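Number of protein chains: 2
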Amino acid sequence: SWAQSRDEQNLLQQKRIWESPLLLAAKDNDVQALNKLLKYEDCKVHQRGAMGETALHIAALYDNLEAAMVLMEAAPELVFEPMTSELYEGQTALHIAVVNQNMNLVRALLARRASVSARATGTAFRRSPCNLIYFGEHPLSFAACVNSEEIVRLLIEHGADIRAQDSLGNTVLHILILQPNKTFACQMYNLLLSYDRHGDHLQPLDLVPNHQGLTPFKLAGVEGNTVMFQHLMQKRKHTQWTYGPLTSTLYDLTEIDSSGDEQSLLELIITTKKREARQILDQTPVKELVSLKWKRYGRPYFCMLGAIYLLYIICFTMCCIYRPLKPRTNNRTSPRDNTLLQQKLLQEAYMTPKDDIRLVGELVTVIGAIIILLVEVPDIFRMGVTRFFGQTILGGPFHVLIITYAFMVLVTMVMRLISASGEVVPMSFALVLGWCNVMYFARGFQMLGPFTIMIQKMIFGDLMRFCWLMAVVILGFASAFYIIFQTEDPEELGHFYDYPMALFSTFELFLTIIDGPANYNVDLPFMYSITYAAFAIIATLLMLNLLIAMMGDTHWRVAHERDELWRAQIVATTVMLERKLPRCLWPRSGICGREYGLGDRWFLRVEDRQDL
Amino acid sequence: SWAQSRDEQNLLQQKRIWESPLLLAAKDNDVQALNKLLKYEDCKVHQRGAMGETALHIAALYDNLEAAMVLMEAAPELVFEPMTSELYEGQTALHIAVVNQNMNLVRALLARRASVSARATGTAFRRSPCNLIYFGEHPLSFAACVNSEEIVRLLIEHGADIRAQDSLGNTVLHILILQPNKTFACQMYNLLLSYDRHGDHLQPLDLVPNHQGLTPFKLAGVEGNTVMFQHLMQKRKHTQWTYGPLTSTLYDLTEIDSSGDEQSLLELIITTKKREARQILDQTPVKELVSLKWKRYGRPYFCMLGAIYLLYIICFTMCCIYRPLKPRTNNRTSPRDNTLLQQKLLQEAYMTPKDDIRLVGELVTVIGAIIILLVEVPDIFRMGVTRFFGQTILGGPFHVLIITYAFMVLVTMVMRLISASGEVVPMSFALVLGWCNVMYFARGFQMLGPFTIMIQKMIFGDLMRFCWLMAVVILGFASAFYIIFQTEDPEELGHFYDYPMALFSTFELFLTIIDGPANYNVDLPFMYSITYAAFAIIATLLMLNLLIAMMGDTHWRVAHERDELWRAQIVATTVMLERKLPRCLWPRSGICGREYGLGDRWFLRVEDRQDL
Ligand SMILES: O=c1ccc(CN2CCN([C@H]3CC[C@@](O)(c4cccc(C(F)(F)F)c4)CC3)CC2)c[nH]1
Ligand SMILES: O=c1ccc(CN2CCN([C@H]3CC[C@@](O)(c4cccc(C(F)(F)F)c4)CC3)CC2)c[nH]1
Ligand SMILES: O=c1ccc(CN2CCN([C@H]3CC[C@@](O)(c4cccc(C(F)(F)F)c4)CC3)CC2)c[nH]1
Ligand SMILES: [Ca+2]
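Chain order of the listed sequences is A and B. Numbering-wise (UniProt numbering), the first sequence opens with residue 68 and increments by one. Numbering-wise (UniProt numbering), the second sequence opens with residue 68 and increments by one.
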């Protein structure tokens with residue numbers, strides 16, 4: 068958060084140029100002074116600017132062709148001297164004129180034995196939202212981003228190497244994927260692949276990995292580059308037989324499927340959270356693969372885990388409602404009419420000839436709680452500890468919720484074995500978080516799927532937009548009613564005797580789920596009737612109806628994210644089950660190879676009407 | 068509200084022209100009669116019209132070129148005689164033909180030694196919504212508004228002065244800012260500045276103030292002239308270094324910032340209430356200045372005042388709920404079962420070894436109530452007494468609400484020191500208006516900011532559209548139920564015994580926050596069951612559901628004013644805090660001068676991708 072140090076360096080650049088006389092003469096076409104300043108005075112050859120540059124840079128930066136040519140004749144050594152500051156490090160004079168994208172200077176600058184393999188690092192060239200650009204490092208890539216393809220044929224002639232990575236790791240092909248000018252950068256991608264004379268007996272320049280470990284085809288998948296993803300597909304598929312308006316292709320599918328030992332394409336589209344990245348699930352190779360792996364091979368394995376889970380909690384609620392109880396002995400009721408306990412649960416009463424079935428009842432549900440923690444907790448020691456806060460948009464808060472369920476059921480084993488007294492406090496949390504976690508199996512069924520991803524967008528966002536302003540009005544008005552019934556016997560209107568209940572009975576009246584305090588035999592204090600009518604004119608006629616105004620306004624301008632988030636949620640179920648189920652189940656989708664003269668990669672086909 | 072006197076004068080103008088024969092001959096091209104009427108008769112040279120005009124005016128008003136030329140030859144003195152009425156005062160014959168915007172008369176009228184410095188005052192030329200025009204006063208400005216630029220080069224040749232103000236104070240440059248024809252009046256603004264040969268060793272004709280104290284650049288800011296605000300910015304900025312698609316400018320910022328001793332641009336955009344004026348907060352110099360002064364330097368100073376205020380009311384509610392009480396002695400209960408008081412608060416009981424902490428409790432909250440009135444009440448003796456009713460749309464009703472809070476807490480000091488009896492009546496107002504005034508700190512946080520400016524648009528407007536028709540149905544039906552339970556013992560159905568409660572129990576049933584009167588052991592009067600079912604068919608199924616129909620219809624057609632009013636509300640917090648905080652805090656945003664050869668004004672920079 069110190070961009071002011073970057074803002075200081077730019078404004079220091081002018082004042083240094085205003086100081087020296089020939090840098091002003093390099094800023095403009097003051098070529099009359101360039102004949103004088105080098106012939107008459109001395110030693111003004113190697114002084115630097117504010118960010119450590121030469122007069123050759125400044126004439127290159129403000130595209131002054133006439134002044135740059137005289138300075139090269141004066142001392143043909145300034146091309147070898149790069150910039151030296153920490154923002155612009157190593158950036159030579161060739162790099163400046165190529166970004167200006169229309170120069171005949173590069174034919175005159177490379178004529179004086181200029182270098183093409185200069186290392187242009189620095190902090191204004193690495194990928195970050197602080198910069199507005201990402202040009203890579205090499206001048207081959209500098210021409211590749213501004214789309215001056217006349218320069219590229221002239222720069223590749225003098226020894227420019229294609230396969231050149233950088234300090235971040237990506238190649239020249241990867242820079243073309245990451246541009247906002249998507250439309251006619253695709254026409255340049257045909258050129259950079261075409262200047263590949265030999266494959267160097269290794270990977271043929273389209274499969275090179277970076278340090279972050281991606282191919283250029285996969286990198287189109289993560290950043291959501293839709294239009295470039297189509298032209299990359301054109302090398303993979305090949306048509307088989309055309310028959311009038313009916314045609315039939317055969318997609319390659321060696322890289323868009325999870326068959327492997329490491330990352331795939333369907334793994335990374337779910338893992339990223341870019342809004343544009345989840346539109347590749349609508350194009351023709353990916354949609355056919357995910358729907359063939361879900362109408363079969365995925366859905367009866369999803370409802371087999373459906374019915375096993377529903378027969379877990381029903382064998383748990385039946386274990387819950389039969390708690391071992393007795394009458395309340397040896398603790399006879401000391402306060403009068405203010406305690407109403409009469410059970411005081413058992414501790415050593417699993418020796419009874421009915422209770423042997425309930426011993427099975429805990430033994431079933433506590434074996435499953437071991438299996439829950441041994442199927443999710445080993446996914447945050449192999450994976451990072453922030454991925455539970457990382458997949459939270461798509462399929463995330465249920466993985467928080469199932470961990471907390473099994474941690475509560477293990478508490479009630481600890482307390483009952485040690486014979487504790489307070490017992491229903493975790494066991495009531497272990498029965499809401501059970502039955503509200505069968506909510507997770509609503510993403511499978513359509514007509515129940517855009518109604519779970521809607522309420523996830525609503526319990527965050529809009530209701531947290533309201534629960535503050537709900538807990539600001541009621542937190543005050545409860546303190547207004549608790550003053551006003553200090554002068555009142557709680558035998559009538561017992562809604563306010565303790566401030567811990569007055570804060571409750573205001574919240575329970577704010578939603579109109581109590582009637583409202585009225586006795587009608589005795590009178591009321593006079594200030595009550597005014598400040599309660601000011602509550603109703605806020606609570607039931609302004610503040611609560613403004614939910615339905617916001618529920619009805621949100622629910623149609625996320626009605627297109629709704630039906631798309633369900634499609635991305637069906638894939639996070641698809642990739643997760645294939646990774647955890649073994650290999651006898653889930654045969655790999657598609658027809659295999661090494662039988663029909665194709666190779667070892669396994670294919671898929673799709674056919675469609677051309678529509679003429 | 069007497070436009071009929073203005074309507075009378077226009078219709079009197081025709082009948083006077085119908086009377087005299089040569090004014091009809093001036094109304095048309097009756098030039099045959101003009102050869103006769105001046106040669107044959109006498110003395111018809113100086114008679115006036117209804118609004119005091121000559122025959123030269125009438126031939127100029129209906130653009131009759133032939134009749135105007137003969138009348139100038141007859142007596143070359145009529146050009147010096149202006150109009151003389153109270154509507155059209157001093158308006159000479161040159162002024163009429165210039166408004167018609169296409170005349171060669173002005174070359175023939177200025178040929179006879181016409182004056183250019185005529186003072187055209189009057190009540191139809193000053194800026195008001197009664198007029199439909201605002202032309203200024205000088206004929207240089209008359210040509211400047213109708214955009215006849217061929218006249219302007221011909222009128223400036225004969226001695227027209229540019230720097231000429233009027234009775235309101237504004238200049239010729241200011242008239243071009245206030246036109247509805249915004250698009251190609253900008254192309255005329257280049258001409259009027261270009262005829263400035265010398266700067267007169269003073270301000271160079273672009274910084275002149277009026278009597279209301281504005282520059283032409285600021286006057287574009289107040290009236291919301293968006294397209295003219297762009298071309299005015301073009302003289303202030305100057306580019307620094309262009310680098311491919313990345314460019315980097317340096318805005319001037321000596322006039323769009325509150326650094327001074329008086330008004331600035333950001334002061335006046337909030338103060339005006341013009342709907343178009345709050346769109347200048349989206350253009351590139353103003354948005355970058357307000358967001359840099361809010362991500363830093365403004366937001367932790369806004370939440371430092373956040374947490375200090377929340378630890379004020381919690382140290383006040385804790386002071387509230389511990390009121391000094393006792394049992395109700397010496398006033399034993401005289402009415403039976405109709406009074407239920409048993410406390411009767413203390414008056415001289417701050418001498419007790421627990422109560423010394425609560426003496427700190429009042430002493431904290433009553434020092435702050437002095438500080439509230441000594442930080443807001445001196446903003447309506449220096450400023451006007453109508454600005455609390457003047458900033459009410461943007462950041463206004465909270466400044467009403469914080470004054471009323473501190474005035475109520477000072478009441479409960481007066482009553483407790485004088486040992487009064489009625490005590491909870493202002494102290495309950497001092498606890499709703501406390502906790503509902505921490506609502507004011509919801510404009511700072513996004514996702515809580517379009518939900519406070521929404522409810523301000525709703526407690527006014529739509530709920531005052533409904534609270535009348537709510538208090539017309541219930542005011543009658545309560546009088547219908549209070550008749551019908553005159554014949555009823557209040558021991559059962561005690562919802563109606565006094566008309567002050569029947570008016571309450573109808574309002575509390577109109578929102579369905581009581582059940583509804585039913586006993587079901589004894590019967591009811593028969594007319595009750597009909598006229599109460601006619602209440603429910605209005606109160607819960609027609610009249611109250613029509614809120615949600617209006618809440619759901621308002622909340623999407625102010626959904627663009629919603630997210631814009633929040634941006635203007637963040638600026639009224641920004642300008643206000645910088646004006647009241649001292650100078651060691653809030654350093655002025657941007658890089659300073661007198662170090663880099665620029666001057667003494669302090670600059671800002673911004674850079675953006677050109678997008679080619
Ligand atoms: O004392 C209590 C009683 C009940 C609780 C229950 N929690 C835990 C779970 N959440 C509820 C709310 C709605 C629920 O469908 C849900 C949770 C998370 C995500 C979703 C989603 F919308 F994504 F499906 C739904 C379950 C129970 C919130 C309160 C806590 N503490
Ligand atoms: O090109 C266009 C674009 C937009 C349009 C008009 N919209 C905008 C309004 N929409 C909906 C918005 C919400 C709406 O259900 C609703 C109104 C009031 C109350 C509710 C409820 F209370 F039920 F939530 C819903 C009406 C129209 C329909 C299309 C026409 N033509
Ligand atoms: O006896 C009583 C008891 C309580 C009251 C409360 N008033 C005073 C303050 N306003 C309420 C309504 C909603 C509230 O957020 C608000 C007020 C003003 C402006 C806004 C805004 F929308 F601008 F934030 C909100 C505060 C309490 C109206 C009624 C009056 N009289
Ligand atoms: Ca109800």
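Heads up, the beta-carbon is just placed ideally off N, CA and C, and yes, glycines get one too.
Residue of the options minimising C-alpha distance to residue i
i: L245 of chain A; options: A:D328, A:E343, A:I550, A:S325; result: A:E343
i: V433 of chain A; options: A:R483, A:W653, A:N198; result: A:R483
i: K524 of chain B; options: A:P196, A:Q76, A:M610, A:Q99; result: A:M610
i: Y368 of chain A; options: A:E108, A:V112, A:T641; result: A:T641
i: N237 of chain A; options: A:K249, A:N277, A:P206; result: A:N277
i: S315 of chain A; options: A:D324, A:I323, A:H305; result: A:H305
i: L500 of chain B; options: B:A473, B:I485, B:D97, B:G311; result: B:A473
i: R115 of chain A; options: A:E140, A:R83, A:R661; result: A:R83
i: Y262 of chain B; options: B:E216, B:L281, B:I580, B:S87; result: B:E216
i: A547 of chain A; options: B:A92, B:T384, B:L333; result: B:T384
i: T607 of chain B; options: B:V289, B:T579, B:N397, B:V146; result: B:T579
Residue i and residue j closer than 8 angstroms at C-beta
i: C386 of chain B; j: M494 of chain B; result: no
i: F533 of chain A; j: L632 of chain A; result: no
i: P283 of chain B; j: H225 of chain B; result: no
i: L123 of chain A; j: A160 of chain A; result: yes
i: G462 of chain B; j: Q636 of chain B; result: yes
i: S486 of chain B; j: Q414 of chain B; result: yes
Buried/exposed call for residue i, threshold 16 Cβ in 10 Å
i: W502 of chain B; result: buried
i: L671 of chain A; result: buried
i: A287 of chain A; result: buried
i: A187 of chain A; result: buried
i: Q297 of chain A; result: exposed
i: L89 of chain B; result: buried
Within chain B, partners of residue i - CB distance below 8 angstroms
i: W535 of chain A; result: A509, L515
i: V539 of chain A; result: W502, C503, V505, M506
i: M594 of chain A; result: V491, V492, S495
i: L542 of chain A; result: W502
Cβ distance (whole Å) where residue i is taken to contact residue j below 8 angstroms
i: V505 of chain B; j: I380 of chain B; result: 7 angstroms
i: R629 of chain A; j: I520 of chain A; result: 6 angstroms
i: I541 of chain A; j: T573 of chain A; result: 5 angstroms
i: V219 of chain B; j: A211 of chain B; result: 7 angstroms
i: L359 of chain A; j: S656 of chain A; result: 5 angstroms
i: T321 of chain B; j: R668 of chain B; result: 4 angstroms
i: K249 of chain B; j: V294 of chain B; result: 5 angstroms
Residue i: contacting residues in chain A (beta-carbon distance under 8 angstroms)
i: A626 of chain B; result: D620
i: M525 of chain B; result: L609, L613
i: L235 of chain B; result: Ordered by position in chain A, no residue passes the 8 angstroms Cβ test against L235 of chain B, which lies about 42 angstroms from the chain.
i: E674 of chain B; result: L199
Residue i: contacting residues in chain A (beta-carbon distance under 9 angstroms)
i: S315 of chain B; result: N77
Where residue i meets chain B, residues with beta-carbon distance less than 7 angstroms
i: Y566 of chain A; result: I388
Contacts of residue i in chain B (Cβ-Cβ under 9 angstroms)
i: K393 of chain A; result: Residues of chain B passing the Cβ test: none, with the nearest at roughly 40 angstroms.
In chain order, what residues place their C-beta within less than 5 angstroms of a heavy atom belonging to ligand 6?
Judged by which ligands are present, ligand 6 is missing from the structure shown, whose ligands are ligand 1, ligand 2, ligand 3 and ligand 4.
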